[PDB]
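S.K.: Structure provided below as structure tokens; questions to follow.
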Amino acid sequence: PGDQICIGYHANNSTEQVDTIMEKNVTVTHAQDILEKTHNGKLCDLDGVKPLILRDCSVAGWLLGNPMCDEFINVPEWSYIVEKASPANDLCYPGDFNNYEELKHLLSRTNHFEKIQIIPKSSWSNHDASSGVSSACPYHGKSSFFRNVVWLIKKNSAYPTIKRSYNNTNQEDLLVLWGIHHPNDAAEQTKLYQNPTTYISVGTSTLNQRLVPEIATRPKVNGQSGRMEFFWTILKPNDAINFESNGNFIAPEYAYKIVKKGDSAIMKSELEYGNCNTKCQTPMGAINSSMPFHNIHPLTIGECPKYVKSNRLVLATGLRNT
Amino acid sequence: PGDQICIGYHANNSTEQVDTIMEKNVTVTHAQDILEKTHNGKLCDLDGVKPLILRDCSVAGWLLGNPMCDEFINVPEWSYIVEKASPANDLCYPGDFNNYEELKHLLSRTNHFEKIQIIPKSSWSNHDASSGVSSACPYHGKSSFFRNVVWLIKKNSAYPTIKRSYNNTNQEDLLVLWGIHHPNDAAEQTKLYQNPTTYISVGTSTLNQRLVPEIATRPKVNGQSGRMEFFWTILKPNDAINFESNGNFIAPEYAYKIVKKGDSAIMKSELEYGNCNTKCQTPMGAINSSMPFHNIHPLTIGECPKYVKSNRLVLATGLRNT
Amino acid sequence: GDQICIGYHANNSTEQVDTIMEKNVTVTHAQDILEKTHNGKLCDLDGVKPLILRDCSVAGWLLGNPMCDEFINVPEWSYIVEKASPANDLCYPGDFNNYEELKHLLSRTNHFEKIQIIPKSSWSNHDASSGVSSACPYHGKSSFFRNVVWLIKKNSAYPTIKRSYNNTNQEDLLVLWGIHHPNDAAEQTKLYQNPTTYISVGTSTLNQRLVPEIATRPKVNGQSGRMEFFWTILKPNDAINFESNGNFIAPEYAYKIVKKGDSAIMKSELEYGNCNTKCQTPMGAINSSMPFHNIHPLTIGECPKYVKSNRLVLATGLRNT
Amino acid sequence: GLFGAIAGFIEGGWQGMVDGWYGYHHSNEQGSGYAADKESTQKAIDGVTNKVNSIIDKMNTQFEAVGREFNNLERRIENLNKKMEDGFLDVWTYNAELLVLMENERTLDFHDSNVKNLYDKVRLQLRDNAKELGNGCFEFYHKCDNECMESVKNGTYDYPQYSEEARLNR
Amino acid sequence: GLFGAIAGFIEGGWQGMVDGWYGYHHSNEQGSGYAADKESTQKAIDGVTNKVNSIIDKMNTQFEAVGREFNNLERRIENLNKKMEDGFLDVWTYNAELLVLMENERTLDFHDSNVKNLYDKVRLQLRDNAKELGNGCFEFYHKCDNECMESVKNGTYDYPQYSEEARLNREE
Amino acid sequence: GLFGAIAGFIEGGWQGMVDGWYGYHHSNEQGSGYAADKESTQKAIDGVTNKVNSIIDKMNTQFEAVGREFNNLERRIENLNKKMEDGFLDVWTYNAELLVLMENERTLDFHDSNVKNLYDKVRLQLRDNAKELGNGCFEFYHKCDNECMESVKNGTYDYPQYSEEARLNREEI
Ligand SMILES: *[C@@H]1O[C@H](CO)[C@@H](O)[C@H](O)[C@H]1NC(C)=O
Ligand SMILES: *[C@@H]1O[C@H](CO)[C@@H](O)[C@H](O)[C@H]1NC(C)=O
Ligand SMILES: *[C@@H]1O[C@H](CO)[C@@H](O)[C@H](O)[C@H]1NC(C)=O
């Protein structure tokens with residue numbers, strides 16, 4: 001006569017908590033954390049492709065060939081590029097890199113740079129190629145210079161007009177670099193290039209420039225009172241570049257085949273290579289997670305969870321615990 | 001003894017489906033679609049006002065007067081402007097247009113250009129205003145040039161200094177265009193202009209420029225190693241433009257009165273005129289809809305529904321169906 | 001006989017909220033969360049007074065327009081107030097190079113202190129006294145910018161200028177200079193003797209050359225000539241080098257950046273309201289407890305969050321009877 | 001559903017009620033038939049209509065993409081322009097999709113609640129003068145004519161009227 | 001509303017109950033009187049308070065517009081700047097207006113639900129010891145003094161204690 | 001809760017019922033025990049799984065920040081870049097956090113609603129044949145064997161076939 005059926009619900013030992021609009025820290029029977037909060041603190045390979053870690057070199061230092069940056073004289077295909085906040089080795093000889101940030105961006109659209117010789121250094125018959133060095137650009141305690149460009153000096157009190165051409169007879173776009181030397185005074189202009197009134201003219205199918213050296217005394221930087229200014233162009237397959245100059249010309253020697261284009265990045269990180277592999281990389285370390293969210297760093301590359309700024313994101317799946 | 005009343009709800013033969021956060025594809029009894037997924041595939045007038053379709057010409061081709069753009073010699077009021085991704089008829093004589101993107105943006109805030117003559121071709125009595133033509137700009141097999149600008153040559157082996165000015169006494173802002181020619185060598189400089197060292201100077205009450213040609217050795221583009229650089233300014237009512245030059249000057253002949261400013265756009269599309277009317281236009285076609293949303297294309301003009309990336313947007317009005 | 005009834009509150013209130021499904025619902029208790037009220041005044045921010053430029057523009061102030069002497073020496077500010085179109089800007093007509101970029105730097109500054117970097121009397125080979133214009137009058141007398149010097153040839157000659165200033169101070173330095181653009185070749189020789197001039201400026205990071213651009217131009221403020229002004233930030237221990245054979249508008253005074261911080265350039269026609277606030281808009285100050293306001297998007301200080309709506313009311317009670 | 005009425009204790013809907021969303025079905029001596037509850041249906045129409053309008057109105061201040069052009073030395077700002085415009089497109093696509101989803105569920109629950117409230121309106125009106133079958137129907141403990149059946153649809157049903165007949169039957 | 005209690009089977013609110021949001025009116029031998037239910041009123045105050053603070057907290061980290069200027073050859077980026085700023089402005093306006101709307105409907109229903117729950121708490125305590133009027137009121141089949149009324153409000157009403165007395169009075 | 005069942009008219013949950021989220025406790029002449037209602041439990045698991053998935057799917061197109069670099073002459077644009085990226089980052093942070101808060105509330109109500117529906121499912125299936133105890137339990141006015149117990153758990157109960165002995169006991173009790 002005391003037969004009964006009761007209706008009830010699950011309860012358990014769970015301590016996991018969630019929030020609602022109206023109540024905080026509600027204990028529930030089941031819950032799903034959807035936020036990843038950890039990383040391995042290391043710069044890894046991205047799907048089996050090693051990044052380019054420039055260490056103490058900046059991009060300019062790498063591309064122009066600062067003699068301190070000999071590690072990167074020939075670089076293999078990369079997945080991403082890592083640069084420090086303040087690289088030590090930039091323009092050893094002081095000056096300016098024209099449109100540097102635009103080149104940085106193009107570089108983030110690239111995976112591989114194949115270096116090729118376009119104007120051999122032994123090819124300068126009527127100009128001194130070998131004595132264009134500086135204490136501002138030391139190598140092994142000895143005066144040197146950027147490896148990829150040539151600082152031509154007068155030969156036997158003569159600097160004849162240079163007329164050189166190069167045809168891009170390759171199948172890829174070619175990054176070409178050159179520069180100009182701005183001397184400190186009229187006396188340094190004579191001693192280096194003989195002619196007092198000089199120029200550099202550069203022409204491609206899309207480029208037209210005529211540079212005149214700016215002779216002026218500027219504060220010493222790495223011992224140097226003069227400056228150098230660098231320029232770059234993308235030369236398309238079958239287009240030619242023509243140089244003409246009677247002084248102050250920093251000629252190219254090596255250029256870069258853009259052999260592979262794709263989704264790359266310049267990461268700003270003080271970290272170094274971590275000998276690991278990952279599918280998701282941040283500037284702070286790599287992520288290995290099935291979570292839909294993370295709060296490590298906003299700037300990621302690869303197949304990543306979606307970045308959020310919360311400390312906690314826990315979804316209720318079960319019910320209010322007893 | 002068996003009298004009855006029952007509480008019940010509607011059911012019908014509707015197969016319209018909605019989604020919820022917990023259940024997808026719920027068959028509902030009344031629904032409302034709020035997304036337009038359809039367009040007519042044509043370019044039309046906006047409220048009776050015809051667009052300017054540039055066909056195979058570009059904005060620069062139109063405004064400079066490329067010989068191959070005579071269809072746009074005098075253009076009526078437009079609603080929007082349509083341009084192809086790669087118009088064939090641009091700068092017939094190779095070179096660049098200075099601040100081209102800013103000019104296009106100003107164009108997108110305009111509906112009506114009226115072309116007026118400011119410096120008659122006949123007024124050049126000490127310069128050659130007839131032989132400034134090129135095989136880079138052919139028309140019916142004859143060497144020509146841009147229609148709105150005059151390429152001035154030396155006459156009787158002489159190029160006297162030019163001093164010309166124009167006061168804008170019209171009620172409207174004036175778009176004034178001019179250029180400079182960069183030859184490929186010092187020989188070409190003398191043959192065209194006589195004077196070895198040249199300039200073009202231009203001054204309004206706000207503008208101050210002095211241009212100097214930059215000689216370099218360049219590949220041929222449309223058969224020409226030379227280059228032309230074009231410039232522009234807005235001439236305010238009651239302001240004057242003063243030109244001075246001793247060579248390399250590409251002088252204005254015609255300018256444009258900005259007679260109507262308003263909402264406009266430079267639409268990028270490979271389509272052409274469809275002989276229709278609409279209130280809402282996309283680069284893919286026109287929309288005729290009472291709907292609040294569409295997913296056709298983000299870049300619209302006129303009274304349009306709001307754009308979303310969705311495939312289906314269906315709102316439940318009725319209840320769950322049996 | 002005995003009874004118990006269950007029911008709810010009701011009151012006299014007429015306050016109203018909206019739902020998705022019903023507008024204008026009367027409730028017993030509601031909470032407004034939106035400020036619509038400002039005081040219409042430009043006040044101090046946490047007791048720090050703003051810099052109110054009156055009829056002077058930022059350019060007028062920094063260059064030393066003869067009509068802006070009220071601002072030759074300026075104390076620490078909270079924020080800066082500039083009119084939409086000030087009368088006292090570039091008295092001698094021309095341009096301020098990178099002006100907008102300079103204003104942005106100012107919005108990250110609270111304190112400028114003026115110092116002399118090149119004394120006006122140090123120009124022995126150059127006329128430093130006759131570079132004055134009717135375009136920049138003081139009383140009704142021909143004058144010029146105060147912080148910058150217009151050098152003219154001396155004894156029919158203009159020898160090459162070579163100067164160097166070392167920033168021995170602990171603070172960054174705002175350095176200003178200029179170039180004059182004459183109207184014709186004849187004026188060049190008249191003012192500077194040399195036909196082909198240049199100005200070279202150098203720091204350890206800045207490397208620029210200026211060349212005059214001669215052109216025929218309409219009169220602005222009675223002048224067909226133009227002046228273009230340039231600036232740079234000189235870091236502590238860095239030096240600046242000037243080199244010129246003409247057209248140079250030399251610095252005399254520069255600005256020590258003594259305090260960097262959060263600031264703004266506020267566009268407002270209003271003037272000082274002798275008040276103090278925690279939150280300031282270009283239309284007035286906000287004194288509020290609310291989390292939202294709709295006064296103006298551009299604010300400074302501890303402010304509620306700007307929203308465009310005209311009403312925001314949260315229901316707290318229930319449906320009234 | 002949340003209120004356990006639609007496809008709950010009332011297993012299905014009626015094809016025979018073309019009159020509205022919610023209503024009644026009566027069986028007595030005079031005959032049988034369907035009828036929609038006028039007041040109940042009209043309130044639910046007003047609510048849904050308002051919801052649809054609130055949804056559209058709130059979206060009238062959406063982001064409008066404008067085409068911009070850049071040269072090939074302006075690739076950084078071009079990229080920034082693209083990312084920002086796509087950003088707002090994505091944000092508003094999310095807002096629209098989520099709002100529709102969430103309010104669909106509320107619309108379904110809203111109808112469920114209206115049926116539940118209609119059933120309770122009848123139950124509290126009839127008290128013990130009728131039997132609760134547990135399927136949405138009420139069997140009367142007295143004979144209720146068509147005039148009596150309209151009094152329950154109208155709300156004004158007299159309980160101290162049929163108190164006698166129903167009392168002695170149980 | 002959604003739960004059928006407020007403006008439903010209880011047709012109106014009580015002007016005479018100033019003590020709280022929900023409560024009771026009881027009339028026995030010792031006179032009538034309004035009284036608030038403290039357990040459910042405090043629960044509602046706590047809920048509503050938390051909701052308000054939650055809305056304000058979600059909006060403390062929200063877009064702040066900064067003034068930037070441009071020259072006449074920088075129209076594209078000036079147009080971009082303006083469009084960027086107005087865009088976040090509109091997005092945050094939308095979020096705030098929509099949050100307020102959605103929560104207001106929920107606050108209303110929350111109250112409705114509390115009222116019904118309070119009513120059911122009494123109904124499930126009393127069972128057949130009282131008659132269910134059908135308008136939120138219960139007629140006692142026995143005599144219920146002030147201390148008995150308090151056990152109803154306390155949630156400690158002793159059903160077995162009064163069931164026999166209720167059974168007999170009812171059967172008449 | 002919104003539906004008055006979980007921590008409501010049913011005071012606490014059962015540590016003894018590990019078979020699912022909602023269910024029954026029976027007690028008769030042949031022993032007592034716990035059994036979960038598989039149907040309503042599965043109905044709830046599917047709803048929750050789908051809710052989790054649609055939350056994840058709706059964030060699939062959220063803002064992805066790209067690092068850009070600017071020089072000392074591009075401070076306005078560098079500042080524009082930072083405020084816009086942080087802008088989308090704050091927006092999506094709000095969307096994620098607010099959606100989880102709102103749905104967490106709706107989930108707890110969902111479970112509450114389901115317990116209340118299951119309770120009502122039995123309630124109307126028993127009619128007066130049994131007695132509402134007011135705590136989630138029904139006391140039968142008749143003998144209810146294990147197959148009678150699994151009759152209401154299966155959802156297929158005979159009200160008329162039991163109304164005989166039930167009415168007899170109820171009239172006397
Ligand atoms: C919620 O509980 C946590 C314990 O993890 C505590 O840190 C936090 O302060 C609590 N928050 C509130 C609002 O009580
Ligand atoms: C919903 O069913 C429809 C059938 O038209 C189909 O479009 C959709 O993919 C189905 N979705 C799911 C989630 O079952
Ligand atoms: C709400 O009531 C106000 C009273 O001030 C009125 O102005 C407004 O039109 C009403 N809105 C609607 C949607 O009825």
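So you can find residues: chains in the structure tokens are A, B, ... in the order shown, residues in each start at 1, and ligands are numbered from 1 in order.
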Pull out every residue of chain D sitting within 9 Å of chain C, counting only C-alpha atoms, and send them as a ChimeraX atom specification.
M.R.: /D:46-55
S.K.: Output the contact residues of chain A with respect to chain C at a cut-off of 8 Å, based on only C-alpha atoms, as a compact mmCIF listing (two decimals) with N, CA and C atoms, in the first residue's frame.
M.R.:
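Dumped everything to selection.txt:
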```
# COMPACT_ATOMS: atom_id res chain seq x y z
N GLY A 95 72.98 54.86 -42.85
CA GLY A 95 72.20 55.43 -43.94
C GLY A 95 70.74 55.04 -43.94
N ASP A 96 70.16 54.95 -45.14
CA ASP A 96 68.73 54.72 -45.31
C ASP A 96 68.43 53.58 -46.29
N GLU A 214 74.49 63.64 -52.27
CA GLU A 214 74.29 64.78 -51.39
C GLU A 214 75.50 64.92 -50.47
N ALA A 216 77.59 66.44 -47.66
CA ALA A 216 77.35 67.16 -46.40
C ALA A 216 77.91 66.41 -45.20
N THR A 217 78.31 67.15 -44.17
CA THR A 217 78.79 66.52 -42.94
C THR A 217 77.62 66.20 -42.02
N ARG A 218 77.55 64.93 -41.64
CA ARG A 218 76.50 64.40 -40.80
C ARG A 218 77.20 63.79 -39.59
N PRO A 219 76.51 63.72 -38.43
CA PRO A 219 77.14 63.17 -37.23
C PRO A 219 77.71 61.78 -37.46
N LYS A 220 78.77 61.44 -36.73
CA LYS A 220 79.40 60.13 -36.85
C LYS A 220 78.47 59.04 -36.35
N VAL A 221 78.37 57.96 -37.11
CA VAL A 221 77.70 56.74 -36.68
C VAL A 221 78.58 55.60 -37.16
N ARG A 227 76.86 59.09 -45.51
CA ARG A 227 75.75 58.15 -45.45
C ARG A 227 75.65 57.33 -46.72
```
S.K.: Can you work out which residues from chain F touch chain E at a cut-off of 9 Å (counting only C-alpha atoms) and hand them back as a ChimeraX atom specification?
M.R.: /F:1-4,8-9,76-77,80,83-84,86-88,90-91,94,97-98,132-135
S.K.: Could you please take those selected residues and save N, CA and C atoms as an mmCIF file, in the first residue's frame?
M.R.:
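Here's the written file again_17.cif:
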```cif
data_model
loop_
_atom_site.group_PDB
_atom_site.id
_atom_site.type_symbol
_atom_site.label_atom_id
_atom_site.label_comp_id
_atom_site.auth_asym_id
_atom_site.auth_seq_id
_atom_site.Cartn_x
_atom_site.Cartn_y
_atom_site.Cartn_z
ATOM 1 N N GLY F 1 15.542 27.623 -10.285
ATOM 2 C CA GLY F 1 15.497 27.720 -11.768
ATOM 3 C C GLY F 1 14.181 28.267 -12.279
ATOM 4 N N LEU F 2 14.137 28.526 -13.581
ATOM 5 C CA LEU F 2 12.981 29.123 -14.241
ATOM 6 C C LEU F 2 11.743 28.219 -14.209
ATOM 7 N N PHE F 3 11.954 26.916 -14.033
ATOM 8 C CA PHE F 3 10.866 25.944 -14.135
ATOM 9 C C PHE F 3 10.492 25.254 -12.812
ATOM 10 N N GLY F 4 11.190 25.621 -11.740
ATOM 11 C CA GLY F 4 10.793 25.259 -10.376
ATOM 12 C C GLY F 4 10.980 23.811 -9.965
ATOM 13 N N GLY F 8 14.111 22.754 -6.701
ATOM 14 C CA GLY F 8 12.804 23.402 -6.555
ATOM 15 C C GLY F 8 11.859 22.521 -5.765
ATOM 16 N N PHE F 9 10.796 22.039 -6.406
ATOM 17 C CA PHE F 9 9.926 21.050 -5.756
ATOM 18 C C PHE F 9 10.591 19.671 -5.642
ATOM 19 N N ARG F 76 50.528 57.914 -37.322
ATOM 20 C CA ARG F 76 49.072 57.973 -37.480
ATOM 21 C C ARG F 76 48.505 56.634 -37.952
ATOM 22 N N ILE F 77 49.114 56.074 -38.996
ATOM 23 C CA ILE F 77 48.665 54.804 -39.565
ATOM 24 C C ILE F 77 49.009 53.612 -38.662
ATOM 25 N N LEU F 80 46.354 53.818 -36.138
ATOM 26 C CA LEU F 80 45.111 53.357 -36.763
ATOM 27 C C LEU F 80 45.077 51.825 -36.830
ATOM 28 N N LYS F 83 44.589 50.279 -33.125
ATOM 29 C CA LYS F 83 43.252 50.464 -32.583
ATOM 30 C C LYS F 83 42.214 49.642 -33.338
ATOM 31 N N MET F 84 42.429 49.428 -34.631
ATOM 32 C CA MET F 84 41.497 48.614 -35.397
ATOM 33 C C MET F 84 41.634 47.124 -35.082
ATOM 34 N N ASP F 86 42.980 45.759 -32.202
ATOM 35 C CA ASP F 86 42.461 45.649 -30.837
ATOM 36 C C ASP F 86 40.939 45.765 -30.821
ATOM 37 N N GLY F 87 40.407 46.617 -31.698
ATOM 38 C CA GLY F 87 38.969 46.797 -31.868
ATOM 39 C C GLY F 87 38.221 45.512 -32.175
ATOM 40 N N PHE F 88 38.662 44.798 -33.208
ATOM 41 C CA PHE F 88 38.053 43.518 -33.572
ATOM 42 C C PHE F 88 38.294 42.456 -32.499
ATOM 43 N N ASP F 90 38.587 42.995 -29.255
ATOM 44 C CA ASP F 90 37.678 43.252 -28.138
ATOM 45 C C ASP F 90 36.262 42.822 -28.495
ATOM 46 N N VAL F 91 35.854 43.123 -29.729
ATOM 47 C CA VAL F 91 34.530 42.751 -30.220
ATOM 48 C C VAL F 91 34.328 41.238 -30.117
ATOM 49 N N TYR F 94 34.100 39.912 -26.625
ATOM 50 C CA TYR F 94 32.753 40.173 -26.121
ATOM 51 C C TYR F 94 31.748 39.147 -26.643
ATOM 52 N N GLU F 97 32.458 35.655 -24.968
ATOM 53 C CA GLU F 97 32.131 35.689 -23.545
ATOM 54 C C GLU F 97 30.637 35.836 -23.291
ATOM 55 N N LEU F 98 29.992 36.734 -24.030
ATOM 56 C CA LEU F 98 28.548 36.942 -23.901
ATOM 57 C C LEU F 98 27.712 35.738 -24.350
ATOM 58 N N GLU F 132 -0.061 12.755 -5.515
ATOM 59 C CA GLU F 132 1.064 13.688 -5.575
ATOM 60 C C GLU F 132 1.575 13.994 -4.168
ATOM 61 N N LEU F 133 2.802 13.575 -3.868
ATOM 62 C CA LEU F 133 3.398 13.843 -2.559
ATOM 63 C C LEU F 133 3.980 15.253 -2.437
ATOM 64 N N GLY F 134 4.198 15.912 -3.574
ATOM 65 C CA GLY F 134 4.683 17.293 -3.598
ATOM 66 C C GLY F 134 6.194 17.453 -3.537
ATOM 67 N N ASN F 135 6.908 16.331 -3.592
ATOM 68 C CA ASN F 135 8.366 16.319 -3.529
ATOM 69 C C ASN F 135 9.004 15.637 -4.742
#
```
S.K.: Within 10 Å of chain D, which residues of chain E are there when counting only C-alpha atoms? Please give them as a PyMOL selection string.
M.R.: chain E and resi 1-5+8-9+76-77+79-81+83-84+86-88+90-91+93-95+97-98+101-102+132-135
S.K.: Those same residues, written as a compact mmCIF listing (two decimals), in the first residue's frame with C-alpha atoms?
M.R.:
```txt
# COMPACT_ATOMS: atom_id res chain seq x y z
CA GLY E 1 3.74 36.56 -20.17
CA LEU E 2 5.77 33.42 -20.81
CA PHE E 3 4.86 31.75 -17.50
CA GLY E 4 1.20 32.80 -17.18
CA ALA E 5 1.43 34.08 -13.58
CA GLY E 8 -2.29 35.83 -16.01
CA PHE E 9 -4.07 33.67 -13.46
CA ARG E 76 41.57 57.68 -49.10
CA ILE E 77 43.07 56.96 -45.66
CA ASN E 79 37.95 58.04 -45.55
CA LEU E 80 39.21 54.69 -44.23
CA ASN E 81 39.88 56.17 -40.75
CA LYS E 83 34.84 54.40 -41.80
CA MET E 84 36.84 52.36 -39.26
CA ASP E 86 32.13 54.92 -37.24
CA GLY E 87 32.08 51.15 -37.83
CA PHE E 88 33.08 50.18 -34.29
CA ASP E 90 27.83 51.32 -34.85
CA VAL E 91 28.84 47.79 -33.76
CA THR E 93 25.75 50.77 -30.30
CA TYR E 94 24.09 47.64 -31.74
CA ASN E 95 25.49 45.37 -28.99
CA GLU E 97 20.79 48.29 -27.59
CA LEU E 98 20.36 44.57 -28.35
CA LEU E 101 16.29 44.56 -25.25
CA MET E 102 17.04 40.85 -24.84
CA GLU E 132 -7.64 26.05 -4.93
CA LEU E 133 -9.72 29.11 -5.82
CA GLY E 134 -7.97 29.46 -9.19
CA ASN E 135 -6.81 33.07 -8.85
```
S.K.: Within 6 Å of chain E, which residues belong to chain C? Use only C-alpha atoms and report them as an NGL selection string.
M.R.: :C and (2-11 or 19-20 or 100 or 298 or 307-308 or 315 or 318 or 321)
S.K.: Let me have all residues with an atom within 9 Å of ligand 2, counting only C-alpha atoms and all ligand atoms, laid out as a ChimeraX atom specification.
M.R.: /B:17-19,23-26
S.K.: Could you turn the residues from that selection into a file that holds N, CA and C atoms, as a PDB file, in the first residue's frame?
M.R.:
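Saved result, selection17.pdb, follows:
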```pdb
ATOM      1  N   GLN B  17      11.803  25.225 -43.491  1.00  0.00           N
ATOM      2  CA  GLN B  17      12.669  24.827 -42.383  1.00  0.00           C
ATOM      3  C   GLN B  17      13.471  25.991 -41.811  1.00  0.00           C
ATOM      4  N   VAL B  18      13.590  26.026 -40.484  1.00  0.00           N
ATOM      5  CA  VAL B  18      14.459  26.987 -39.789  1.00  0.00           C
ATOM      6  C   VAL B  18      15.491  26.277 -38.911  1.00  0.00           C
ATOM      7  N   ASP B  19      16.552  27.002 -38.559  1.00  0.00           N
ATOM      8  CA  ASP B  19      17.565  26.499 -37.635  1.00  0.00           C
ATOM      9  C   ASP B  19      17.498  27.202 -36.276  1.00  0.00           C
ATOM     10  N   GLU B  23      18.619  22.844 -32.514  1.00  0.00           N
ATOM     11  CA  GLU B  23      18.049  21.923 -33.491  1.00  0.00           C
ATOM     12  C   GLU B  23      18.052  22.532 -34.890  1.00  0.00           C
ATOM     13  N   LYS B  24      18.698  21.845 -35.827  1.00  0.00           N
ATOM     14  CA  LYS B  24      18.775  22.313 -37.202  1.00  0.00           C
ATOM     15  C   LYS B  24      17.641  21.700 -38.032  1.00  0.00           C
ATOM     16  N   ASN B  25      17.229  22.406 -39.080  1.00  0.00           N
ATOM     17  CA  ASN B  25      16.220  21.900 -40.005  1.00  0.00           C
ATOM     18  C   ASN B  25      14.871  21.571 -39.364  1.00  0.00           C
ATOM     19  N   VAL B  26      14.409  22.436 -38.468  1.00  0.00           N
ATOM     20  CA  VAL B  26      13.088  22.280 -37.875  1.00  0.00           C
ATOM     21  C   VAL B  26      12.047  22.716 -38.896  1.00  0.00           C
TER      22      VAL B  26
END
```
S.K.: If we count only C-alpha atoms, which residues of chain A reach to within 7 Å of chain B? Please list them as a ChimeraX atom specification.
M.R.: /A:201-205,208-210,240,242
S.K.: Dump N, CA, C and O atoms for the selected residues as an mmCIF file, in the first residue's frame?
M.R.:
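Output saved as result.cif:
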```cif
data_model
loop_
_atom_site.group_PDB
_atom_site.id
_atom_site.type_symbol
_atom_site.label_atom_id
_atom_site.label_comp_id
_atom_site.auth_asym_id
_atom_site.auth_seq_id
_atom_site.Cartn_x
_atom_site.Cartn_y
_atom_site.Cartn_z
ATOM 1 N N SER A 201 71.836 56.960 -62.817
ATOM 2 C CA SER A 201 70.541 56.828 -63.483
ATOM 3 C C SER A 201 70.148 55.362 -63.588
ATOM 4 O O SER A 201 70.962 54.531 -63.982
ATOM 5 N N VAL A 202 68.909 55.047 -63.213
ATOM 6 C CA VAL A 202 68.407 53.668 -63.275
ATOM 7 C C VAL A 202 67.061 53.604 -63.993
ATOM 8 O O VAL A 202 66.123 54.323 -63.646
ATOM 9 N N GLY A 203 66.983 52.734 -64.997
ATOM 10 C CA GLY A 203 65.779 52.583 -65.801
ATOM 11 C C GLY A 203 65.390 51.138 -66.046
ATOM 12 O O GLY A 203 66.215 50.326 -66.463
ATOM 13 N N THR A 204 64.137 50.816 -65.743
ATOM 14 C CA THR A 204 63.518 49.563 -66.164
ATOM 15 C C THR A 204 62.271 49.945 -66.965
ATOM 16 O O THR A 204 62.075 51.120 -67.281
ATOM 17 N N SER A 205 61.426 48.974 -67.298
ATOM 18 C CA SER A 205 60.194 49.294 -68.026
ATOM 19 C C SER A 205 59.204 50.093 -67.168
ATOM 20 O O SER A 205 58.361 50.804 -67.706
ATOM 21 N N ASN A 208 62.136 54.709 -63.273
ATOM 22 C CA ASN A 208 62.928 55.819 -63.777
ATOM 23 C C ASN A 208 63.473 56.641 -62.609
ATOM 24 O O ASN A 208 62.709 57.304 -61.904
ATOM 25 N N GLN A 209 64.787 56.590 -62.395
ATOM 26 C CA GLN A 209 65.413 57.426 -61.369
ATOM 27 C C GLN A 209 66.781 57.977 -61.766
ATOM 28 O O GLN A 209 67.555 57.317 -62.463
ATOM 29 N N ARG A 210 67.047 59.205 -61.330
ATOM 30 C CA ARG A 210 68.355 59.820 -61.476
ATOM 31 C C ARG A 210 68.767 60.415 -60.128
ATOM 32 O O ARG A 210 68.232 61.438 -59.687
ATOM 33 N N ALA A 240 64.678 44.305 -68.502
ATOM 34 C CA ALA A 240 66.074 44.618 -68.251
ATOM 35 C C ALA A 240 66.215 45.834 -67.340
ATOM 36 O O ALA A 240 65.339 46.704 -67.297
ATOM 37 N N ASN A 242 68.982 48.957 -66.585
ATOM 38 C CA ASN A 242 70.164 49.663 -67.085
ATOM 39 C C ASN A 242 70.705 50.687 -66.086
ATOM 40 O O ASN A 242 70.002 51.633 -65.701
#
```
S.K.: Among the residues of stretch 65-107 of chain B, find those DSSP assigns to alpha helix (DSSP H) from the backbone and print them as a list in words.
M.R.: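 Restricting stretch 65-107 of chain B to alpha helix (DSSP H) produces residues 100, 101, 102, 103, 104, 105, 106 and 107 of chain B.
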S.K.: I'd like the neighbourhood of stretch 188-190 of chain B as number ranges by chain, where a residue qualifies if any of its atoms comes within 10 Å (using only C-alpha atoms), though same-chain residues fewer than 4 positions away should be ignored.
M.R.: B: 154, 157-158, 181-184, 194-198, 213, 215, 226, 247-248
